[PDB]
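The structure appears right after this line, and notes come after that.
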Amino acid sequence: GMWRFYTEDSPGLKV
Amino acid sequence: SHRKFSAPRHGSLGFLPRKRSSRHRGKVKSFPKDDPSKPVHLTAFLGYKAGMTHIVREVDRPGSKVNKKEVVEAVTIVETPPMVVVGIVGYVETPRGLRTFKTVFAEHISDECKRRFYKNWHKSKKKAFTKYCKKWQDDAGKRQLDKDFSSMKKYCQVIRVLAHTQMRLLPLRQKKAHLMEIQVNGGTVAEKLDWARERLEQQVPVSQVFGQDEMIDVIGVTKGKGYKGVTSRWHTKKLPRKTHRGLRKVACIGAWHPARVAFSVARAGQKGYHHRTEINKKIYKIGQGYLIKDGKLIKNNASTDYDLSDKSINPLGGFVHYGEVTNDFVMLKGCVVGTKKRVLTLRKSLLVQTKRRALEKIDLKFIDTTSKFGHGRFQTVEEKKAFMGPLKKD
Amino acid sequence: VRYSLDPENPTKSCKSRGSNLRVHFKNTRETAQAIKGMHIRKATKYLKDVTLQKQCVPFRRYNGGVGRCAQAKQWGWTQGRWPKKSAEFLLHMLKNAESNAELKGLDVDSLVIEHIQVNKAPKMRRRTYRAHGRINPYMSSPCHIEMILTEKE
Amino acid sequence: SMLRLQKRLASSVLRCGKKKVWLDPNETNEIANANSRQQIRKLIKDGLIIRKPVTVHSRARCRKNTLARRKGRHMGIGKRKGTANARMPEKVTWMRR
RNA sequence: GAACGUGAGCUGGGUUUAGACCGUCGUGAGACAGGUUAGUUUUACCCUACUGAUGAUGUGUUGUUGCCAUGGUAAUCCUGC
RNA sequence: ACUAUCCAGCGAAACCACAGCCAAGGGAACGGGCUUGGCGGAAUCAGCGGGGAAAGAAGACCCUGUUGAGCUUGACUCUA
RNA sequence: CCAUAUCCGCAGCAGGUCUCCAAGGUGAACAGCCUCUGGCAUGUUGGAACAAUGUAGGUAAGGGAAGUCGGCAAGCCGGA
RNA sequence: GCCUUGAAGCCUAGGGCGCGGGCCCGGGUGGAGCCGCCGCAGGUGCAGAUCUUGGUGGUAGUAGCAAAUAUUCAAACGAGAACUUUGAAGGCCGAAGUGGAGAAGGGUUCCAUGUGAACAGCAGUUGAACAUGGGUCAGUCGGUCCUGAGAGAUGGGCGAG
Ligand SMILES: [Mg+2]
Ligand SMILES: [Mg+2]
Ligand SMILES: [Mg+2]
Ligand SMILES: [Mg+2]
Ligand SMILES: [Mg+2]
Ligand SMILES: [Mg+2]
Ligand SMILES: [Mg+2]
Ligand SMILES: [Mg+2]
Ligand SMILES: [Mg+2]
Ligand SMILES: [Mg+2]
Ligand SMILES: [Mg+2]
Ligand SMILES: [Mg+2]
Ligand SMILES: [Mg+2]
Ligand SMILES: [Mg+2]
Ligand SMILES: [Mg+2]
Ligand SMILES: [Mg+2]
Ligand SMILES: [Mg+2]
Ligand SMILES: [Mg+2]
Ligand SMILES: [Mg+2]
Ligand SMILES: [Mg+2]
Ligand SMILES: [Mg+2]
Ligand SMILES: [Mg+2]
Ligand SMILES: [Mg+2]
Ligand SMILES: [Mg+2]
Ligand SMILES: [Mg+2]
Ligand SMILES: [Mg+2]
Ligand SMILES: [Mg+2]
Ligand SMILES: [Mg+2]
Ligand SMILES: [Mg+2]
Ligand SMILES: [Mg+2]
Ligand SMILES: [Mg+2]
Ligand SMILES: [Mg+2]
Ligand SMILES: [Mg+2]
Ligand SMILES: [Mg+2]
Ligand SMILES: [Mg+2]
Ligand SMILES: [Mg+2]
Ligand SMILES: [Mg+2]
Ligand SMILES: [Mg+2]
Ligand SMILES: [Mg+2]
Ligand SMILES: [Mg+2]
């Protein structure tokens, strides 16, 4: 289906 | 959190609905109040904008560094033929405001006034005021109309007069006249009816309204610019070069919880063609027209007491985009709203004038009639020829 | 075949029909609601003019995105467009109908358009090629038409 | 009507391209019934089919300016772009000597 | 102050992946609350709100001239004789 | 200058409980819907990006699991 | 056929895929600019008008890094 | 027991029953089998499961049909021309080319006549599409021959095979 991001970005980031 | 540094806002919220107006002629919101001591006079007048130029004069402001010296300053020229009266209207005062009570038109109304009706004058039959004008050449109409002026003496407090212009006398493409209501301010109601009832169907020049060295107001509609952004309509900072989705924008609007956009924030829309009102513009000069005793006379439009050259106000090549002025005009200090060929309204000042910068008086020395269609360097053709000489026009 | 709304007097009326026609349903529907109730000779002028951009059709239900015009003040509206293609195919039909009336022996220059009906139809299938290896359908949207004319002036 | 076949064939007989071939815009009937060779070579002889001439490319402009560069002109300091060794090298000058 | 206002408004210097360098610790793979360098920032054509633009209700139709509810609202400081 | 804009012709998608004007109150403690007040007028056009705790990917951070795998060794049991 | 349409890339996909031949002028020159032989119809459509925001190009009075994490980007010098 | 003097199934502002599960009548369509009682047996009753298969909507006549400078005038065929063809004019490729020939791969795409349903993301009188027919000629051009890095039988050895 549609693409929506590169898997090494992971837009929700909170460490 | 708060704002790091401080700054003031961009624009006024007074002029807020920046929409393009619903008119082409300046409306007057308020006229001056009236002392019943005064003689009977008028308050306003219609004129058109022609052009601009500059002027030299001498200065008698004391205590200054420019006193007893010459200065250079710009002006605007406004063409103003004499208007014509056609009709009357009387108002009355009520706890809801004012109310239009009754009106009267005259017996003869020229066609240039009737074109203000009749969107399509070309395929019309021109059957306006045909039946109303039949109760002037009549017996009962003389009884019918004159039973009404008596009412207006009795049940009214405010008198206004309908006038229109003379558009044959201009170079423009237009033929329709412009109407306007004007207020009569004087002693008493009965006087103003008698003054007007005599003055009906007659002409009214400018020198019967205004004089020299007087502050007035100017009312007219500004110059269009169309759809614009916020860096032209509101004058915000341009963002820097490294922005992605555009640069001539305002970034933030509001914050989260007032979860709505407020009318205080800048947006992108119309600019220009608005209604405005400016005050305290001076009159320097009132010029005559072209006229004929036995031949021509076009000197006194633009001849000071000093230069004594047989010159008119008109430049070489005429006024740009306008034409040729052949009529009486007025000369304002500074600048005004609107394009050329546009209709202006000229209202007396509603205040008292005691500042020396208003009370002072003026006498001109020089006026510039160079051509504005380039870099003009000559005042008149005659000097242009005497300097250069004979060309191949031989 | 079997029409909708079989008429009131089958001796003073004619009829025509088309099936499986490559025009857009949406524009064509609206053009029919504007031509309805007219005398045929009036309407043929109406449809030439649309083709020449001198009159218009107002888009009243299917109006998303559609633009504003000056000719739709006659109809009491703002929006309008000039669907050429639909106009022609309607014109070809009026001919078929007008002839049949001549064959049954009717007064031709007193005829009225009473009933026009448009309907959808089976959809044709193509494809278009998008990013990241994807495919999507480029489908078509044709129409049927049927219509009735009677003799009333 | 269609005449692309007739164009192609005439190219091969005249040994020119298809941009050098003139067909008569008026006598198109008699050409379209030329669906072969020997229906064509007749028509070349009759004059309906012609080989155009070359577009001119002249040289007087060059011959003229070179005739000046012999005498010396157009050779100053501000017309030179390569080192002297590129224009006329030293090794050659040595060998002549 | 307003989700320590505001990343489909910017930037991405720092911090907080993947490579790598020193010091201290661990036999060791490896760790550091120690330091240093390089490093992909997506989508508006939907509903609303906001700004601008047509039109709508009624007054028999149509036009000219005008009144006012209601809402906004703006002027501010210093020097010199 | 190419677009966006308008017209002719052809014509998709993601997404979608129902839907879509605000303040305060209480409530799973930050409501489009409830309660008390403010108010409320067809159908639409170009934009912009405040909200919809907007779309995408059964949270890689943290914990649990008597679920795993890569690597090391002085863990246990074995082996070429 | 041998490639901005016959090959592989889901497709007449701005991608990728081994070689031969090789004129005139300027100029050091298979650089770049114009032309002849041979080839084409502007690269999956057209017409009207010149708003906003964009993308690619340019210019700017006086001052000259005061901007910004950082002279990032642009500009100066440029051949003999 | 019901039935081609009309079964099942389906539709229904119609008449009615039962607390409910559900049912009986009436009217239209339709064309061949179906039901009630006492017992038996079970692949036996759906709103959902980021359920499975198929189909259809708002979105929406919207976003879009913008990398590489460029078209114009007349005539002809034709029901029919912004796009076919012919001519003329203006322009690009600029010999490391948008030119003329070939290997790998494809496999009839090649050539003529005809067509305009479908396809050629607009159109088309055109087409590498559709239909019907035709077309590749060798003592000397290549293979075939030789061997290369290397692969691989016999004898022998090993191995449950
Ligand atoms: Mg502050
Ligand atoms: Mg950036
Ligand atoms: Mg000028
Ligand atoms: Mg695509
Ligand atoms: Mg692909
Ligand atoms: Mg925050
Ligand atoms: Mg972001
Ligand atoms: Mg945000
Ligand atoms: Mg960093
Ligand atoms: Mg690292
Ligand atoms: Mg007020
Ligand atoms: Mg748009
Ligand atoms: Mg609230
Ligand atoms: Mg609370
Ligand atoms: Mg909600
Ligand atoms: Mg938002
Ligand atoms: Mg989880
Ligand atoms: Mg998980
Ligand atoms: Mg446990
Ligand atoms: Mg494993
Ligand atoms: Mg051990
Ligand atoms: Mg070039
Ligand atoms: Mg083209
Ligand atoms: Mg192509
Ligand atoms: Mg500067
Ligand atoms: Mg600094
Ligand atoms: Mg700073
Ligand atoms: Mg740089
Ligand atoms: Mg049977
Ligand atoms: Mg069973
Ligand atoms: Mg079951
Ligand atoms: Mg179900
Ligand atoms: Mg359930
Ligand atoms: Mg569009
Ligand atoms: Mg393109
Ligand atoms: Mg070739
Ligand atoms: Mg080639
Ligand atoms: Mg090959
Ligand atoms: Mg097509
Ligand atoms: Mg072929």
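Going line by line, the protein sequences match chains A, B, C and D. The numbers in this note's numbering rise by one with no breaks, and the one at position 7 of the first sequence is 27. The numbers in this note's numbering rise by one with no breaks, and the one at position 38 of the second sequence is 284. The numbers in this note's numbering rise by one with no breaks, and the one at position 132 of the third sequence is 437. The numbers in this note's numbering rise by one with no breaks, and the one at position 74 of the fourth sequence is 419. In this text, a Cβ means the ideal position worked out from N, Cα and C, and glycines have one as well.
Cα-Cα, which of the options is closest to residue i?
i              : options                           : result
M22 (chain A)  : C:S445, C:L357 and C:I440         : C:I440
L359 (chain D) : D:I385, D:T400, D:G423 and D:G427 : D:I385
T322 (chain B) : B:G584, B:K594, B:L408 and B:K630 : B:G584
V331 (chain B) : B:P451, B:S549 and B:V627         : B:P451
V576 (chain B) : B:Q448, B:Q403, B:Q429 and B:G297 : B:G297
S370 (chain B) : B:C379, B:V407 and B:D357         : B:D357
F364 (chain C) : C:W380, C:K353 and C:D354         : C:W380
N378 (chain D) : D:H419, D:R442, D:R349 and D:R425 : D:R349
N424 (chain C) : C:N401, C:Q360, C:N314 and C:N332 : C:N332
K531 (chain B) : B:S453, B:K372, B:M426 and B:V338 : B:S453
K607 (chain B) : B:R307, B:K295 and B:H354         : B:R307
By DSSP's criteria, residue i is part of a beta bridge. Which residues make up the other side?
i              : result
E419 (chain C) : In DSSP, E419 (chain C) forms no bridge with anything.
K474 (chain B) : B:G515
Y294 (chain B) : B:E325 and B:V589
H344 (chain C) : C:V417
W367 (chain D) : D:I395
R373 (chain C) : C:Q384
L408 (chain B) : B:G333 and B:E427
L578 (chain B) : B:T322 and B:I529
Return yes when the Cβ of residue j is within less than 8 Å of the Cβ of residue i, no when it is not.
i              : j              : result
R522 (chain B) : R264 (chain B) : no
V589 (chain B) : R271 (chain B) : yes
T411 (chain B) : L292 (chain B) : yes
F612 (chain B) : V302 (chain B) : yes
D463 (chain B) : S595 (chain B) : yes
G500 (chain B) : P282 (chain B) : no
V362 (chain C) : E403 (chain C) : no
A290 (chain B) : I405 (chain B) : no
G622 (chain B) : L562 (chain B) : yes
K381 (chain B) : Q390 (chain B) : yes
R435 (chain C) : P442 (chain C) : no
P278 (chain B) : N431 (chain B) : yes
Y568 (chain B) : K586 (chain B) : yes
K393 (chain B) : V435 (chain B) : no
Nearer than 7 Å: is that true of the beta carbon of residue i relative to any heavy atom of ligand 1?
i              : result
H410 (chain B) : no
For ligand 3, is there a heavy atom less than 7 Å away from the beta-carbon of residue i?
i              : result
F619 (chain B) : yes
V566 (chain B) : yes
Compute the minimum distance between the beta carbon of residue i and the heavy atoms of ligand 4, and state whether it is under 7 Å.
i              : result
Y443 (chain C) : no
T433 (chain C) : yes
message = Taking 8 Å as the cut-off, does the region 408-421 of chain C touch the region 381-388 of chain C (at least 3 CB pairs, one atom from each stretch)?
response = Short answer: they don't touch.
query = Taking contact to mean at least 3 C-beta pairs separated by less than 8 Å, is the region 348-357 of chain C in contact with the region 363-371 of chain D?
reply = Flag = no, the region 348-357 of chain C and the region 363-371 of chain D do not touch.
request  = Could you tell me whether the region 441-454 of chain C touches the region 323-331 of chain C, where touching means 3 or more Cβ pairs closer than 8 Å?
outcome  = Contact between the region 441-454 of chain C and the region 323-331 of chain C is present, because at least three Cβ pairs lie under 8 Å.
task = Take every Cβ of the region 614-634 of chain B, pair it with every Cβ of the region 295-315 of chain B, and state whether three or more of those distances are shorter than 8 Å.
result = At 8 Å Cβ cutoff, the stretches touch.
ask   = Okay, do the region 466-473 of chain B and the region 507-518 of chain B touch, 3+ Cβ pairs below 8 Å being the bar?
value = Touching, yes, given that three or more Cβ pairs across the two stretches are closer than 8 Å.
ask   = Taking one C-beta from the region 413-426 of chain B and one from the region 566-580 of chain B each time, how about it: are there three or more such pairs within less than 8 Å?
value = Yes: the two stretches touch, three or more of their Cβ pairs being nearer than 8 Å.
ask   = If you pair each beta-carbon of the region 494-514 of chain B with each one of the region 440-454 of chain B, do three or more pairs fall below 8 Å?
value = No: fewer than three Cβ pairs fall under 8 Å.
inquiry  = Within 8 Å, do at least three Cβ pairs link the region 477-492 of chain B to the region 535-550 of chain B?
reply    = Too few Cβ pairs lie closer than 8 Å, so no.
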